[PDB]
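Coordinate analysis (summary)
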Amino acid sequence: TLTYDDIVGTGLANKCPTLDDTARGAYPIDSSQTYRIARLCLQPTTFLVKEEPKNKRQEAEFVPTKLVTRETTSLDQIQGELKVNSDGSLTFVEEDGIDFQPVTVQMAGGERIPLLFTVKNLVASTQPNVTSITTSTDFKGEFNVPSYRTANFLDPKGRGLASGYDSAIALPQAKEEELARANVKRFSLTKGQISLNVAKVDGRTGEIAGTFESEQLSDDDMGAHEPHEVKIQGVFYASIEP
Amino acid sequence: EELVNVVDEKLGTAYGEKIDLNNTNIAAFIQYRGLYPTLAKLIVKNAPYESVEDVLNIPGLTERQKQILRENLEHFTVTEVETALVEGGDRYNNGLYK
Amino acid sequence: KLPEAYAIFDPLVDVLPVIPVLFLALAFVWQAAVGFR
Amino acid sequence: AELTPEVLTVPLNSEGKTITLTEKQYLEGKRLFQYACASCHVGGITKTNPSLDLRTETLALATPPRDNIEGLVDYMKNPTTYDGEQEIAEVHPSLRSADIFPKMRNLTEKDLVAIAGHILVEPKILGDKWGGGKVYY
Amino acid sequence: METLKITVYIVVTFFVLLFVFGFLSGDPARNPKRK
Amino acid sequence: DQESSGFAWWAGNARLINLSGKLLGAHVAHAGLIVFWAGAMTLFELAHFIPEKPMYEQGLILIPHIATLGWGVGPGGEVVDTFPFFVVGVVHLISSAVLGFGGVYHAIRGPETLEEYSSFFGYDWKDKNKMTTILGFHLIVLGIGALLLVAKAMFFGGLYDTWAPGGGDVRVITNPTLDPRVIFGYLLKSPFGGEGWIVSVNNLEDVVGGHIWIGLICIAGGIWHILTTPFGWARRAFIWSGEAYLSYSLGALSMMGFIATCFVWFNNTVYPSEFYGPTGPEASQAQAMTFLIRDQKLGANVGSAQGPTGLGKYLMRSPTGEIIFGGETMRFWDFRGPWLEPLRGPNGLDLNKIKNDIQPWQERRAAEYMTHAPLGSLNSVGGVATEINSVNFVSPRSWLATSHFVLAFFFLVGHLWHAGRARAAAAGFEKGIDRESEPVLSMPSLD
Amino acid sequence: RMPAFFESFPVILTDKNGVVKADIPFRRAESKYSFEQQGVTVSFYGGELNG
Amino acid sequence: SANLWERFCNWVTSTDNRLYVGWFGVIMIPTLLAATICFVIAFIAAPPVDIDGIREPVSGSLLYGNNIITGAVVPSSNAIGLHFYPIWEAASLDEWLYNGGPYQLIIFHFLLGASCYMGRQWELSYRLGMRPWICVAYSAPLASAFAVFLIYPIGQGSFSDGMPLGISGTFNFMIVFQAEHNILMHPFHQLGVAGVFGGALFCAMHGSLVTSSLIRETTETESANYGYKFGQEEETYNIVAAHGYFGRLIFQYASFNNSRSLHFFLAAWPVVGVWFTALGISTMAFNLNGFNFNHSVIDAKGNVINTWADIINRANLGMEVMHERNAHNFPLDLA
Ligand code: CLA
Ligand code: CLA
Ligand code: CLA
Ligand SMILES: C=Cc1c(C)c2cc3nc(c4c5[nH]c(cc6nc(cc1[nH]2)C(C)=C6CC)c(C)c5C(=O)[C@@H]4C(=O)OC)[C@@H](CCC(=O)OC/C=C(\C)CCC[C@H](C)CCC[C@H](C)CCCC(C)C)[C@@H]3C
Ligand SMILES: CC1=C(/C=C/C(C)=C/C=C/C(C)=C/C=C/C=C(C)/C=C/C=C(C)/C=C/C2=C(C)CCCC2(C)C)C(C)(C)CCC1
Ligand SMILES: CC1=C(/C=C/C(C)=C/C=C/C(C)=C/C=C/C=C(C)/C=C/C=C(C)/C=C/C2=C(C)CCCC2(C)C)C(C)(C)CCC1
Ligand SMILES: [Ca+2]
Ligand SMILES: [Fe+2]
């Protein structure tokens with residue numbers, strides 16, 4: 001119905017597919033038939049950042065933060081095969097799509113926490129004995145959190161990993177010892193965890209919807225400082241097909 | 001307790017001497033007879049190789065493609081997949097041009 | 001693409017656009033002859 | 001007295017023969033080169049695919065070999081990838097596709113010779129400049 | 001944030017008005033002696 | 001005339017402020033230089049124009065206008081027949097002799113005042129009515145002209161249509177956009193990014209409808225004026241002087257001069273881009289198209305590809321969420337063009353389509369445009385300032401937009417110059433402060 | 001060496017006749033003379049690092 | 001009364017108000033106060049602004065690591081482009097600040113007020129019965145502020161481009177512009193220079209000569225300045241002794257003697273010249289750049305002989321390459 005000249009600017013292009021309160025259906029899983037996920041969407045809604053320990057080991061919590069970017073957060077076009085291995089459980093294997101978005105949120109104090117909201121190489125599974133996906137179903141799994149910046153990124157003073165300066169070019173005769181940290185750009189790579197909990201179904205069309213929560217790490221800045229912990233709470237659509 | 005630049009370090013290995021099947025970027029193959037266009041995309045598109053010869057075992061290769069690969073194996077090598085060099089599709093567009 | 005027949009005018013056709021400039025230049029020859037009354 | 005007929009001698013065939021193009025052809029080759037190439041191959045590079053250039057050594061490792069007249073000529077008639085695997089006359093100007101790349105329509109077997117002959121003489125004059133760019137401007 | 005948009009337009013309109021009228025108010029007239 | 005009697009030599013033409021007869025010849029003679037040009041230059045173009053070589057690659061700017069009206073083009077702007085060009089060019093070149101004859105005559109032989117030579121043609125500046133009359137006529141004359149376009153579209157051959165369903169090609173509009181809503185909409189549409197202003201207009205239905213909606217307004221005014229006189233406020237508002245009348249018409253042109261510089265630089269519709277070069281944003285877009293394709297057609301997974309900053313080389317999102325092309329081109333995510341739309345979906349550039357619906361005609365069209373972007377030097381040397389010689393070319397889109405901003409600007413300067421002079425020649429002191437009665441000398445000091 | 005003029009200067013290493021033999025790259029993507037790749041070393045004489 | 005509006009219109013138009021608020025001034029006054037006030041705060045405190053499109057925020061304010069010379073108000077983001085980004089279009093000030101909202105607010109307002117300021121520079125003259133045109137001499141600077149803050153961006157597609165409000169970022173705008181348009185090699189700039197360079201030259205001349213021919217009316221121990229009295233009757237120096245010397249310096253007719261004819265040449269030279277540079281920036285805004293003589297003077301064999309135009313280009317490349325290091329993904333800089 002709605003087209004491009006229909007959505008452009010409304011920012012509806014970031015929010016993704018809903019299911020009118022009719023859901024609660026059940027999509028029959030054949031097991032004798034191969035299933036795949038046409039389009040898996042993940043729409044961020046809330047970002048929290050565990051307050052850096054106070055040093056005083058007294059249970060740090062995840063505080064809310066303000067989105068300093070715009071409506072450039074959603075993950076969409078994600079697809080891959082929804083494998084039906086033994087014991088009825090389903091396993092989704094992420095194949096390709098717009099599975100990552102650089103988000104930057106301004107935190108309570110003053111800071112600005114840029115993270116790489118993603119679900120790359122995601123592989124989520126469900127409860128054993130899954131017959132007809134229902135509101136009781138849900139997936140969980142890990143995924144790879146690449147690295148905010150690529151090997152090619154240069155810093156304000158020129159230094160970089162796969163390219164760029166070797167050192168503090170502007171301080172020719174200073175001690176390199178203490179500048180090491182920032183002159184050698186390391187490229188991290190870590191694991192992230194999610195869990196999509198189905199809230200609506202449409203037995204017919206074969207499309208489920210729901211809420212998701214994932215936890216990952218922030219940007220370490222080519223390893224200049226420690227990364228902050230993030231938790232993302234959003235919504236997700238998912239069109240399943242044989 | 002030393003910080004190390006993975007890329008400069010990798011220019012000590014075979015990488016920096018021969019085309020690394022697991023790391024080097026696709027445009028590296030445009031330096032040997034009929035190897036680029038079609039094979040390069042294959043080589044690269046086929047995960048890491050536990051060792052040079054393993055190229056020879058890529059799916060649906062023609063007894064001709066296979067013949068060439070054997071010819072150029074002497075220019076290939078293999079090293080641990082290095083994220084900094086592989087991540088971000090850097091193997092199809094490492095950001096360089098003329 | 002100037003139809004063959006006319007193609008004996010290429011040289012002329014090539015100069016026509018500049019004429020207008022000339023007017024402004026002739027208007028200066030006029031005032032020079034009239035001593036800029 | 002610098003662009004001598006020796007600097008104008010480039011491999012004709014792949015077996016070994018050579019052709020000593022005239023200073024008349026050269027110039028015309030250049031005119032034709034800017035007419036249908038430069039747009040994308042200025043300085044002997046490639047705006048829409050920097051990976052492949054027109055450096056003589058590069059054409060040599062091409063497939064089939066393009067480091068000679070016949071080869072370049074074949075190309076302008078029916079282009080293929082650097083491996084020869086695919087015919088690419090539908091996205092690269094050629095005679096096999098003049099209906100889509102008009103400029104090519106004029107071109108005649110004679111022209112094709114010059115344009116080609118030009119791609120082989122330039123690097124003889126310019127040297128490294130012909131290959132890369134910016135860096136060498 | 002919407003309230004700020006309203007305000008501003010109200011505010012911008014007030015002045016745009018003043019300007020248009022002020023000249024319509026027979027400005028030519030205001031000067032030493034309109035020959 | 002003379003200086004010791006009129007003005008000053010370099011101010012000559014003001015010596016005609018009150019000599020309508022000559023002032024007619026001035027206007028006629030000139031209105032001949034424009035036609036002369038339109039004509040003399042179209043043949044200069046044509047005499048060089050090469051049937052099958054991009055127009056934009058040949059420094060043409062007049063022929064492109066004629067082609068857009070649907071004259072000697074055919075599919076994709078194929079330049080099917082040159083004659084319409086030769087035809088249009090000469091007609092003008094001749095009508096210049098006519099007008100030229102009038103000017104020379106009316107500014108020499110003819111009466112140098114229409115006073116008694118004919119009381120209907122004679123006119124009075126302060127005559128706050130014979131003006132409203134003359135205006136009225138002209139207002140009708142323009143109307144007839146506007147309607148001429150609608151004719152060429154709805155009845156005689158149609159016009160060019162880049163957006164042509166089959167693809168660029170002449171098309172007869174037969175569904176002009178009537179309705180104030182859509183038409184006048186463009187009128188109050190922000191001139192800022194995205195929602196353009198008048199420069200939007202992406203279809204000929206509207207271009208035509210909009211014009212139909214003009215005569216039936218422009219002529220409606222041409223009458224209301226030949227049938228009335230300025231109301232109260234109207235009189236106590238403007239300065240009724242010949243020079244002052246000029247001023248208002250000076251700013252008018254200047255204001256449009258920009259509206260034009262913007263039109264030929266941004267619009268794709270009423271400036272095909274098949275005849276003119278590609279839009280500036282259009283070319284910055286096509287470079288991404290070109291490489292999103294080349295790399296995909298080579299192993300890359302453009303949808304997941306992440307660039308140096310973390311935004312993704314080929315695709316990223318816009319502030320409102322749409323999926324656009326990545327790189328500096330993120331600024332031109334407003335570009336809408338024929339060759340690209342088929343890859344657009346409801347949320348923006350769609351992956352599936354991009355992944356396997358990219359016909360070759362686009363791959364090469366996209367390449368054509370990125371290699372013909374609006375960049376070059378004064379001595380016409382296409383490309384970036386650091387580029388080497390060869391490929392001399394400068395987009396018509398540049399030449400045009402460039403010239404008109406100069407003209408457009410200087411005219412605004414001109415506007416002030418006269419609007420400021422006539423507005424003080426009225427109060428009457430444009431020649432200096434009256435020694436004897438310095439207004440300032442009779443005003444309470446401020447300190 | 002650094003020409004008193006340049007705030008910063010690249011480190012190029014050449015042989016006897018000034019042939020570029022080694023250097024420190026900027027874009028590793030295609031280093032040909034990078035140290036390591038050339039296996040450069042350094043020895044000291046006199047001074048306190050002598051030997 | 002007599003209906004306050006009638007009255008209001010009289011004050012607004014008072015010919016004797018310390019500062020002449022006019023009809024134009026009714027806008028100039030609030031517009032410039034919004035700009036000037038937002039600028040002063042932005043410059044002192046204000047988070048780093050993601051200028052280019054990426055996410056590499058630049059900080060320009062003082063409380064964020066700058067000094068007067070380096071600090072600046074950074075241009076709205078490239079992701080924003082030419083789009084209209086007012087405060088109400090932000091989800092929060094922080095968003096507005098991070099994306100460079102302050103810039104748009106500040107320039108749209110300065111350009112509006114600076115224009116009315118031009119209009120105002122006419123109204124008063126009129127109200128004082130003096131000749132107009134002063135406002136036309138001021139149309140040169142305005143035209144230059146318009147080119148640099150509005151025209152150049154409309155051409156390039158984004159306010160991210162277009163000189164940033166700060167001393168050092170102004171040098172940035174230039175050093176880059178060169179590399180992208182080879183401006184020093186464009187007629188309009190050279191005329192800009194002849195204007196600005198010339199202007200100064202004549203400012204020294206006029207000021208020079210006049211001072212050199214003041215009529216002795218003071219002791220040796222008291223300012224030469226006292227010899228003139230505000231509003232005094234006749235001239236205060238010998239415009240003939242002036243010409244008597246200058247004429248002889250070069251040669252009689254290669255000189256002035258008509259104060260009116262001389263003073264006009266003073267206001268026309270720099271204005272005409274400065275207009276042009278405005279027309280250059282406004283012209284190179286649509287990519288009709290400066291002259292290009294790269295690889296001309298080729299020799300007999302075809303060897304390129306390099307002229308100074310090349311050493312130029314060589315230094316231009318270096319600029320072209322390093323600028324906006326992380327903002328490019330493809331070979332050609334078409335934005
Ligand atoms: C729209 C059309 C227009 C019209 C009908 C008029 C009409 C008039 N003008 Mg205005 N004027 C205009 C636009 C227009 N002007 C603009 C845009 C400007 C800003 C530059 C001016 C600036 C202007 C000034 C400064 C003056 C007038 C004056 C006058 C009056 C006398 C004419 C005259 O002196 O001619 C004589 C003309 C010449 C000396 C020759 C033209 C010289 C120009 C500078 C050359 C440009 C030529 C070409 C573009 C460049 C050559 C190529 C180059 C690369 C070498 C007359 C009423 C005069 C007056 O008395 O005011 C009431 C006066 O002093 N005008
Ligand atoms: C192109 C535009 C243009 C036009 C149409 C006019 C028109 C006019 N000018 Mg202006 N003028 C212009 C530009 C223009 N001027 C410029 C740029 C300047 C600054 C140098 C002046 C300076 C100026 C002055 C100083 C004076 C005029 C005067 C006049 C008026 C009387 C003409 C005259 O005295 O001829 C004199 C006659 C001649 C010596 C003949 C000139 C040759 C003819 C006209 C050209 C024939 C054209 C073509 C080659 C043949 C076509 C023929 C074909 C159709 C068969 C006339 C309305 C006068 C005025 O105001 O009168 C009260 C006056 O004193 N003008
Ligand atoms: C060729 C163009 C043209 C011209 C020059 C005129 C000229 C004139 N008209 Mg006519 N008119 C025209 C076309 C034209 N009209 C058309 C097509 C129609 C439709 C039939 C009319 C209908 C019409 C009516 C109904 C009336 C006039 C009147 C008048 C006279 C004075 C009114 C006025 O100008 O107020 C100037 C306007 C203002 C003081 C308002 C300013 C505020 C507005 C809302 C903002 C405008 C902002 C703009 C959109 C933004 C850009 C601004 C820029 C500076 C950046 C004047 C002689 C009046 C008259 O006296 O009758 C004869 C009158 O009552 N006209
Ligand atoms: C922008 C460049 C600039 C130039 C070209 C310039 C030129 C001139 N200024 C003069 C005067 C002045 N200039 C003044 C203030 C200024 N002048 C300025 C800037 C300039 N002034 C500035 C910024 C100021 C401060 C406001 C004053 C106060 C005066 C005068 O009183 C005087 C004058 O009379 O005014 C008109 C004239 C002296 C004639 C002379 O000395 O002959 C003798 C020397 C000759 C003939 C030999 C030339 C000597 C030089 C060293 C050699 C240059 C080599 C080549 C000839 C040319 C170089 C080529 C270029 C492409 C680089 C001369 C026309
Ligand atoms: C008043 C005056 C003036 C002005 C003037 C003018 C503005 C004029 C115009 C004029 C004109 C405006 C003219 C025109 C003419 C035209 C002609 C004479 C034409 C002819 C044509 C022909 C003949 C055509 C044909 C052809 C063809 C078809 C093809 C081939 C070639 C040819 C070309 C042959 C002046 C400044 C001097 C001075 C003062 C006074
Ligand atoms: C849709 C369309 C179209 C159409 C168009 C139209 C319909 C238009 C209209 C238009 C219009 C409808 C316009 C209007 C305008 C206006 C103006 C421009 C005005 C101005 C004014 C002024 C300037 C005033 C002034 C003043 C004041 C304010 C105050 C007091 C005083 C005075 C009087 C001075 C087209 C074809 C393009 C295309 C397609 C689409
Ligand atoms: Ca010719
Ligand atoms: Fe003075």
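**Considerations on the overall build of chain D**
Within chain D, the regular secondary structure consists of 7 helices and 2 strands. Its helices and strands in sequence order give chain D the pattern β-β-α-α-α-α-α-α-α, from N to C terminus. Against the compact-globule benchmark of 14 Å for 137 residues, chain D has a radius of gyration of 14 Å, which places it among compact chains. Taking the principal axes of the C-alpha coordinates as reference, chain D spans close to 40 × 35 × 30 Å. Burial statistics for chain D: of 137 residues in total, 50% are counted as buried. Looking at chain D alone, contacts between residues at least 24 apart form 50% of all its contacts between residues at least 6 apart.

**Observations regarding the site of ligand 6**
Taken together, E:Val20, E:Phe23, E:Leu24, F:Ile183, F:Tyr186, F:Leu187, F:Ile198, F:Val201, F:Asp206, F:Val207, F:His211 and F:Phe238 make up the full set of residues near ligand 6. Residues lining ligand 6 come from chains E and F. Within the complex, the protein chains bury 53% of what would otherwise be the 990 Å² of accessible surface of ligand 6. Counting only elements with at least two residues in the shell around ligand 6, the list comes to α1 (3–24) of chain E together with α6 (204–226) of chain F.

**Here we look at the state of the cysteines**
In total, this model carries 1 disulfide over all chains according to the counting rule given. Each sulfur in the disulfide pair A:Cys16 and A:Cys41 lies 2.1 Å from the other. As the torsion about the S-S bond is roughly -90°, the A:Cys16-A:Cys41 disulfide counts as left-handed. Taken together, the positions of A:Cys16 in the loop between α1 (4–7) and β1 (35–50) and A:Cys41 in strand β1 put the pair 25 residues apart, joining distant regions of the chain. A:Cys41 carries the same exposure label as A:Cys16, and that label is buried. D:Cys37 forms no disulfide, and the closest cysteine sulfur to it belongs to D:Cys40, at a distance of 9.6 Å. For D:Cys37, a relative accessible area of 11% puts it in the buried group.

**Topic: the coordination of the iron ion (ligand 8)**
Residues and elements named next belong to chain H. Around the iron ion (ligand 8), the protein supplies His-206 (NE2) and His-263 (NE2) as donor atoms, at distances of 1.9 to 2.4 Å. Here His-206 is found in helix α8 (residues 187–212), whereas its partner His-263 is found in helix α10 (residues 259–283), with 57 residues between them in sequence. A residue is classified by how much of its surface remains accessible, and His-206, at 22% relative accessible area, is partly exposed.

**Looking at the interface of chain F and chain H**
Residue-level contacts link 67 residues of chain F with 71 residues of chain H. A buried area of about 6200 Å², summed over both sides, lies between chain F and chain H, and 67% of it is on carbon and sulfur atoms. Area buried by chain F at its contact with chain H is led by F:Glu328, F:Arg331 and F:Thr386, which between them contribute 12% of it. Note that H:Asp161 and F:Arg331 form a salt bridge whose closest N and O atoms lie 3.1 Å from each other. Where chain F packs against chain H, one counts 23 residue pairs in polar contact. Elements supplying a minimum of two residues to the side of chain F that touches chain H: α8 (242–266), α9 (280–296), β3 (376–377) and α12 (396–425) of chain F. Top contributing element to the side of chain F that touches chain H by residue count: α12(F), with 15 residues.

**Thoughts on the site of ligand 2**
Taken together, 22 residues lie around ligand 2, and C:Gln31, F:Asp1, F:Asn13, F:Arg15 and F:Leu16 are the ones closest in. Ligand 2 sits at the junction of chains C and F, each of which supplies nearby residues. Only α2 (19–33) of chain C together with α1 (20–46) and α3 (83–106) of chain F provide two or more residues apiece to the shell around ligand 2. Ranked by the residues each element gives to the shell around ligand 2, the list is headed by α2(C), at 5 residues. Taken together, the residues of the shell around ligand 2 sort by class into 15 nonpolar, 4 polar and 3 charged.

**Focus on the UniProt feature "binding site: heme c" in chain D**
Residue and element names in this part refer to chain D. With numbering aligned to this structure, UniProt lists the feature "binding site: heme c" at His-41 and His-92. The annotated residues occupy 52 residues of the chain but converge on a single region, no pair of C-alpha atoms lying more than 12.0 Å apart. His-41 sits in the buried class, given a relative accessible area of 17%. Excluding residues that lie within four positions of it along the chain, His-41 makes contacts with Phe-33, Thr-46, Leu-54 and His-92. Here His-92 lies in the loop between α4 (69–77) and α5 (103–106). Beyond its immediate stretch of four places on either side in the chain, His-92 contacts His-41, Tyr-75, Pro-79, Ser-97 and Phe-101.

**Some remarks on the pattern of salt bridges**
Taken as a whole and judged by the stated rule, the model has 32 salt bridges over all chains. Measuring nitrogen to oxygen at the nearest pair gives 3.1 Å for the salt bridge that ties F:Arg336 to A:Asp5. Taken together, the positions of F:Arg336 in the loop between β2 (323–325) and α10 (351–356) and A:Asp5 in helix α1 put the pair across two chains. Residue A:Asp5 is classed as exposed on the basis of its relative accessible area, which comes to 53%. Residue A:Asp76 is joined to A:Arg39 by a salt bridge in which the shortest nitrogen-to-oxygen separation is 2.8 Å. Of the two residues, A:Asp76 is situated in strand β3 (residues 75–84) and A:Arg39 in strand β1; the sequence distance between them amounts to 37 residues. Overlapping salt bridges bring together E:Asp27, E:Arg30, F:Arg423, H:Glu123 and H:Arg127 as one network.

**Thoughts on the environment of G:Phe9**
Residues and elements named next belong to chain G. Looking at the secondary structure, you find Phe-9 in the segment before β1 (12–14). Looking at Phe-9, the relative accessible area reads 37%, which means it is partly exposed. With sequence-adjacent residues up to four places away left out, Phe-9 is seen in contact with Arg-1, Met-2 and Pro-3.

**A word on the coordination of the magnesium atom of ligand 1**
The sole protein-derived ligand of the magnesium atom of ligand 1 is F:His418 (NE2), positioned 2.3 Å away. For F:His418, the location among the structural elements is in helix α12.

**Concerning the interface of chain B and chain G**
Residue-level contacts link 10 residues of chain B with 8 residues of chain G. Regarding the contact of chain B and chain G, the summed buried area is about 760 Å², with carbon and sulfur atoms giving 48% of it. The three residues of chain B that bury the most area against chain G are B:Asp8, B:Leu11 and B:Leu96, which together make up 64% of that side's buried surface. The interface formed by chain B and chain G contains 1 salt bridge.

**Digging into the side chain of D:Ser94**
Residues and elements named next belong to chain D. Relative to the assigned elements, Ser-94 resides in the loop between α4 and α5. A polar side-chain atom of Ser-94 sits 3.2 Å from the main-chain amide nitrogen of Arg-96. A distance of 2.5 Å separates a polar atom in the side chain of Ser-94 from a polar atom in the side chain of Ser-97.

**A short note on the pairing of strand β10 (residues 190–200) of chain A**
All names here are of chain A. One ladder, built from 8 bridges, connects strand β9 (residues 138–145) with β10; its direction is antiparallel. Each bridged residue has a counterpart across the sheet, and for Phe-143 the counterpart in β10 is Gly-192. Note that β10 and strand β11 (residues 207–217) share 5 bridges and pair antiparallel. Bridging from a neighbouring strand, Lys-200 pairs with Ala-209 of β11. Between β10 and β11, which follow one another and run antiparallel, lie 6 residues, and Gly-206 among them has a positive phi close to 75°.

**Overview of the environment of H:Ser139**
Its place among the elements puts H:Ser139 in helix α6 (residues 139–156). As for H:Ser139 and H:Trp5, which are separated by 134 residues in sequence, their C-alpha atoms are 32 Å apart. When residues no more than four places from it in sequence are discounted, the contact partners of H:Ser139 are F:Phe409, F:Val413, H:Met118 and H:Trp275. Reaching out from H:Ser139, the side chain makes a polar contact with the backbone oxygen of H:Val136 at a distance of 2.8 Å.

**Points about the arrangement of the chains**
Among the 14 pairs of chains that make contact, the interface with the largest number of contacts is formed by chains F and H. Between chain C and chain E there is no contact, and the shortest C-alpha to C-alpha separation is 30 Å. When C-alpha atoms are compared, chain C and chain H, though not in contact, are closest at a spacing of 17 Å.

**A short note on a negative patch on the surface**
Residue and element names in this part refer to chain A. Residues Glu-52, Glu-111, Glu-213, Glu-215, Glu-226 and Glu-229 make up a contiguous surface patch of negative charge. Looking at the element boundaries, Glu-213 is found in strand β11. Given a relative accessible area of 36%, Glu-213 falls into the partly exposed group.

**Side note on a nonpolar patch on the surface**
Taken together, the side chains of E:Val12, E:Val16, E:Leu17, E:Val20, E:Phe21, E:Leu24, F:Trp224, F:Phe231, F:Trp233 and H:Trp5 make up a nonpolar region of the molecular surface, amounting to roughly 950 Å² of accessible area. The element that contributes the greatest number of residues to the nonpolar patch is α1(E), accounting for 6 residues. Along the chain, the position of E:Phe21 falls in helix α1. According to the relative accessible area criterion, E:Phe21 is partly exposed, its value standing at 44%.

Conventions adopted
Residues numbered from 1 in each chain as written, not as in the entry; some residues may be left out. Chains lettered and ligands numbered in written order. Part of a larger assembly, values for the part shown. Heavy atoms only, no water. Residues with missing side-chain atoms left out of burial classes, pairs and counts. Helix = DSSP H or I, 4+ residues; strand = E, 2+ residues; numbered from the N terminus. Rg over C-alpha atoms; globule rule 2.2 N^0.38 Å. Buried < 20%, exposed > 50% of the residue type's maximum accessible area, 1.4 Å probe, protein only. Contact = heavy atoms within 4.5 Å. Near = heavy atom within 4 Å. Areas by Shrake-Rupley, 256 points an atom, 1.4 Å probe, with all protein chains shown as cover. Disulfide = S-S within 2.5 Å. Donors = N, O, S within 2.8 Å, 3.2 Å for Na, K, Ca; no water. Buried area = accessible area lost by both parts, 1.4 Å probe. Salt bridge = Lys/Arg side-chain N within 4 Å of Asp/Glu carboxyl O. Polar contact = N/O pair within 3.5 Å; in protein donor to acceptor, adjacent residues only side chain to side chain. Nonpolar A, V, L, I, M, F, W, Y, C, P; charged D, E, K, R; others polar. UniProt positions renumbered as here; feature names shortened; annotations may be inferred. Pairing = 2+ DSSP bridges. Patch = residues over 30% accessible without salt bridge, like charges linked within 9 Å, V, L, I, M, F, W, Y side chains within 5 Å. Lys, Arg positive; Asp, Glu negative; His and termini not counted. Charge placed at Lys NZ, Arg CZ, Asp CG, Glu CD.

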